[PDB]
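The structure under discussion appears below in the form of structure tokens.
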Amino acid sequence: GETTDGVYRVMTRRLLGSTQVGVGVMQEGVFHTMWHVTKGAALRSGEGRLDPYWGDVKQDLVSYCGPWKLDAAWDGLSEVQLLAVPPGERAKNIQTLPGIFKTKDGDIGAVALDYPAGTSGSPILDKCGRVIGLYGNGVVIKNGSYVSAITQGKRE
Amino acid sequence: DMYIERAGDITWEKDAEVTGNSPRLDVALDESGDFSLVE
Ligand SMILES: CC(C)CNC(=O)[C@H](Nc1ccc2c(c1)CNC2)c1cc(Cl)cc2[nH]ncc12
């Protein structure tokens with residue numbers, strides 16, 4: 001059905017009314033989202049059906065119709081934008097300078113922005129409009145604020 | 001059963017709301033894809 005490049009809402013009618021569980025990126029005929037959003041379950045695009053192709057619970061990522069296509073990376077210096085798609089609200093770009101998640105396996109960028117759970121999977125963009133990761137998997141610090149990682153998959 | 005609805009183009013918008021800090025945090029990623037604060 002709808003294979004157009006762009007950002008999409010992931011919705012369900014299982015709960016009350018229509019509830020938004022997450023967000024995703026459609027690019028090069030592939031739908032990219034966070035694993036915890038869909039749990040690897042199939043998706044519907046009109047009468048079209050999207051089946052999972054690749055997924056990893058540790059990375060918290062999943063691609064539909066084909067392999068992971070996003071590969072741009074945060075340069076560690078520049079400001080980025082979170083293209084946030086909140087439940088029931090219009091897509092909105094928020095510019096921020098990312099922080100750092102120091103792990104034993106290397107440093108990853110971090111975005112300290114607060115959005116409801118249904119915003120999980122919103123893309124993070126560089127100054128060219130290339131998706132450098134997905135927002136929606138992170139931690140909660142001392143002041144109750146949420147810090148998400150900049151999650152990027154590996155392109156083959 | 002889940003479904004997708006388009007929400008917009010993927011573009012950088014000049015002059016957008018600039019907010020949020022840049023913290024440097026020590027974190028740990030478990031086998032279940034869960035991050036946690038290391039102190
Ligand atoms: C806040 C921490 C403790 C949870 N981390 C999140 O990123 C969370 N989603 C989530 C849920 C289950 C799993 C994972 C991630 C990874 N694999 C299991 C989330 C994301 C946003 Cl954007 C808002 C949220 N509100 N509450 C939760 C929440």
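Going by the structure tokens order, chains are called A, B, ..., each with residues numbered from 1, while ligands are numbered from 1 in the order shown.
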Go through chain A and flag each residue having an atom no more than 10 Å from ligand 1; for those, report the closest pair of atoms plus their distance in Å to one decimal, using only C-alpha atoms and all ligand atoms, ordered by chain and rising number, as a Markdown table.
```
| residue | atom | partner | partner_atom_place_in_ligand_line | distance |
| --- | --- | --- | --- | --- |
| A:22 | CA | ligand 1 | 22 (Cl) | 8.6 |
| A:23 | CA | ligand 1 | 22 (Cl) | 10.0 |
| A:34 | CA | ligand 1 | 16 (C) | 8.2 |
| A:35 | CA | ligand 1 | 17 (N) | 7.2 |
| A:36 | CA | ligand 1 | 13 (C) | 5.2 |
| A:37 | CA | ligand 1 | 11 (C) | 7.8 |
| A:39 | CA | ligand 1 | 18 (C) | 9.4 |
| A:57 | CA | ligand 1 | 17 (N) | 6.7 |
| A:58 | CA | ligand 1 | 17 (N) | 7.4 |
| A:59 | CA | ligand 1 | 16 (C) | 8.4 |
| A:60 | CA | ligand 1 | 16 (C) | 5.8 |
| A:61 | CA | ligand 1 | 16 (C) | 9.3 |
| A:84 | CA | ligand 1 | 22 (Cl) | 9.7 |
| A:86 | CA | ligand 1 | 22 (Cl) | 9.5 |
| A:113 | CA | ligand 1 | 22 (Cl) | 8.6 |
| A:114 | CA | ligand 1 | 22 (Cl) | 7.1 |
| A:115 | CA | ligand 1 | 22 (Cl) | 5.5 |
| A:116 | CA | ligand 1 | 23 (C) | 4.9 |
| A:117 | CA | ligand 1 | 23 (C) | 3.5 |
| A:118 | CA | ligand 1 | 22 (Cl) | 6.7 |
| A:119 | CA | ligand 1 | 22 (Cl) | 5.4 |
| A:120 | CA | ligand 1 | 22 (Cl) | 4.4 |
| A:121 | CA | ligand 1 | 22 (Cl) | 7.7 |
| A:122 | CA | ligand 1 | 22 (Cl) | 8.5 |
| A:135 | CA | ligand 1 | 22 (Cl) | 6.7 |
| A:136 | CA | ligand 1 | 22 (Cl) | 4.0 |
| A:137 | CA | ligand 1 | 7 (O) | 3.2 |
| A:138 | CA | ligand 1 | 7 (O) | 4.2 |
| A:139 | CA | ligand 1 | 2 (C) | 4.8 |
| A:140 | CA | ligand 1 | 1 (C) | 5.6 |
| A:141 | CA | ligand 1 | 1 (C) | 9.5 |
| A:144 | CA | ligand 1 | 1 (C) | 9.6 |
| A:145 | CA | ligand 1 | 1 (C) | 9.2 |
| A:146 | CA | ligand 1 | 1 (C) | 6.5 |
| A:147 | CA | ligand 1 | 7 (O) | 8.1 |
| A:148 | CA | ligand 1 | 7 (O) | 6.2 |
| A:149 | CA | ligand 1 | 7 (O) | 8.3 |
```
Chain A near chain B within 7 Å: what's each residue's closest atom pair and its distance in Å to one decimal, counting only C-alpha atoms, ordered by chain then ascending residue number, as a tab-separated table?
```
residue	atom	partner	partner_atom	distance
A:6	CA	B:9	CA	4.6
A:7	CA	B:8	CA	5.4
A:8	CA	B:6	CA	4.3
A:9	CA	B:5	CA	5.3
A:10	CA	B:4	CA	4.8
A:11	CA	B:3	CA	5.4
A:12	CA	B:2	CA	4.7
A:13	CA	B:1	CA	7.0
A:14	CA	B:1	CA	6.7
A:43	CA	B:3	CA	5.0
A:44	CA	B:3	CA	4.3
A:45	CA	B:4	CA	5.5
A:57	CA	B:33	CA	5.6
A:58	CA	B:33	CA	3.8
A:59	CA	B:33	CA	5.9
A:60	CA	B:33	CA	5.7
A:91	CA	B:7	CA	6.5
A:93	CA	B:16	CA	6.1
A:94	CA	B:17	CA	5.1
A:95	CA	B:18	CA	4.5
A:96	CA	B:18	CA	5.7
A:97	CA	B:22	CA	6.0
A:98	CA	B:22	CA	5.1
A:99	CA	B:22	CA	3.7
A:100	CA	B:24	CA	4.5
A:101	CA	B:25	CA	5.1
A:102	CA	B:26	CA	4.8
A:103	CA	B:27	CA	5.5
A:112	CA	B:20	CA	5.7
A:113	CA	B:20	CA	6.0
A:125	CA	B:12	CA	6.9
A:127	CA	B:12	CA	6.3
A:128	CA	B:12	CA	6.8
A:129	CA	B:11	CA	4.9
A:138	CA	B:35	CA	5.8
A:139	CA	B:35	CA	5.9
```
For the residues in the current selection, export C-alpha atoms as a JSON list (two decimals), in the first residue's frame.
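Output below, filename result-v4.json:
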```
[["chain", "number", "residue", "atom", "x", "y", "z"],
["A", 6, "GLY", "CA", 8.79, 9.62, 5.34],
["A", 7, "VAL", "CA", 7.98, 9.32, 9.06],
["A", 8, "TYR", "CA", 4.93, 7.22, 10.11],
["A", 9, "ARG", "CA", 2.82, 6.58, 13.22],
["A", 10, "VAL", "CA", 2.50, 2.98, 14.43],
["A", 11, "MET", "CA", -1.13, 2.56, 15.69],
["A", 12, "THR", "CA", -3.33, -0.17, 17.24],
["A", 13, "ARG", "CA", -7.07, -0.74, 17.78],
["A", 14, "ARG", "CA", -6.52, -3.59, 20.42],
["A", 43, "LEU", "CA", 2.12, -4.26, 10.19],
["A", 44, "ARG", "CA", -0.70, -3.06, 7.88],
["A", 45, "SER", "CA", -0.39, -0.20, 5.35],
["A", 57, "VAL", "CA", 16.04, -7.22, 21.10],
["A", 58, "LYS", "CA", 19.45, -5.96, 22.42],
["A", 59, "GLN", "CA", 19.73, -3.21, 19.76],
["A", 60, "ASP", "CA", 15.93, -2.61, 20.20],
["A", 91, "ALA", "CA", 5.11, 16.19, 13.66],
["A", 93, "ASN", "CA", 11.24, 19.38, 14.77],
["A", 94, "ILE", "CA", 13.19, 20.09, 17.98],
["A", 95, "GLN", "CA", 16.82, 21.09, 17.69],
["A", 96, "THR", "CA", 19.25, 20.00, 20.38],
["A", 97, "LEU", "CA", 22.94, 19.32, 20.97],
["A", 98, "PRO", "CA", 23.33, 15.67, 21.93],
["A", 99, "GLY", "CA", 25.05, 14.38, 25.05],
["A", 100, "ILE", "CA", 26.97, 11.15, 25.62],
["A", 101, "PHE", "CA", 26.20, 7.60, 26.82],
["A", 102, "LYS", "CA", 29.53, 6.14, 27.96],
["A", 103, "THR", "CA", 29.33, 2.34, 27.75],
["A", 112, "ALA", "CA", 17.69, 14.73, 26.53],
["A", 113, "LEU", "CA", 14.11, 15.43, 25.37],
["A", 125, "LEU", "CA", 18.32, 14.07, 11.85],
["A", 127, "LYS", "CA", 21.86, 19.10, 9.04],
["A", 128, "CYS", "CA", 21.27, 17.31, 5.64],
["A", 129, "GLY", "CA", 18.11, 15.44, 6.64],
["A", 138, "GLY", "CA", 17.02, 5.23, 27.09],
["A", 139, "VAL", "CA", 17.27, 6.04, 30.79]]
```
Q: Just the residues within 9 Å of residue 40 in chain A, please, counting only C-alpha atoms, with nothing from its chain fewer than 4 positions along; format it as JSON, numbers by chain.
A: {"A": [35, 36, 51, 52, 53, 54, 55, 62, 63]}
Just the selected residues (N, CA and C atoms), exported as a PDB file, in the first residue's frame, please.
```pdb
ATOM      1  N   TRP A  35      12.126  -2.129  18.315  1.00  0.00           N
ATOM      2  CA  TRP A  35      11.574  -3.453  18.582  1.00  0.00           C
ATOM      3  C   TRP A  35      10.496  -3.444  19.639  1.00  0.00           C
ATOM      4  N   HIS A  36      10.686  -2.700  20.745  1.00  0.00           N
ATOM      5  CA  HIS A  36       9.701  -2.687  21.821  1.00  0.00           C
ATOM      6  C   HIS A  36       8.316  -2.135  21.399  1.00  0.00           C
ATOM      7  N   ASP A  51       5.811  -7.366   6.537  1.00  0.00           N
ATOM      8  CA  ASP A  51       6.302  -8.459   7.379  1.00  0.00           C
ATOM      9  C   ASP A  51       7.717  -8.152   7.898  1.00  0.00           C
ATOM     10  N   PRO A  52       8.056  -8.555   9.141  1.00  0.00           N
ATOM     11  CA  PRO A  52       9.394  -8.247   9.660  1.00  0.00           C
ATOM     12  C   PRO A  52      10.475  -8.971   8.874  1.00  0.00           C
ATOM     13  N   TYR A  53      11.624  -8.325   8.689  1.00  0.00           N
ATOM     14  CA  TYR A  53      12.722  -8.917   7.930  1.00  0.00           C
ATOM     15  C   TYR A  53      13.948  -9.137   8.833  1.00  0.00           C
ATOM     16  N   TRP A  54      14.308  -8.127   9.619  1.00  0.00           N
ATOM     17  CA  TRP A  54      15.439  -8.210  10.533  1.00  0.00           C
ATOM     18  C   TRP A  54      15.035  -7.586  11.873  1.00  0.00           C
ATOM     19  N   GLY A  55      15.587  -8.087  12.971  1.00  0.00           N
ATOM     20  CA  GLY A  55      15.290  -7.553  14.293  1.00  0.00           C
ATOM     21  C   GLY A  55      16.296  -7.981  15.332  1.00  0.00           C
ATOM     22  N   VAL A  62      14.092  -2.999  14.542  1.00  0.00           N
ATOM     23  CA  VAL A  62      13.469  -3.938  13.606  1.00  0.00           C
ATOM     24  C   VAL A  62      13.233  -3.274  12.226  1.00  0.00           C
ATOM     25  N   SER A  63      13.474  -4.007  11.131  1.00  0.00           N
ATOM     26  CA  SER A  63      13.239  -3.491   9.778  1.00  0.00           C
ATOM     27  C   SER A  63      12.199  -4.380   9.077  1.00  0.00           C
TER      28      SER A  63
END
```
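DSSP, applied to the backbone of this structure, assigns strand (DSSP E) to the following residues of chain B: residues 2, 3, 4, 5, 6, 7, 8, 17, 18, 24, 25, 26, 27, 28, 29, 35, 36 and 37 of chain B.
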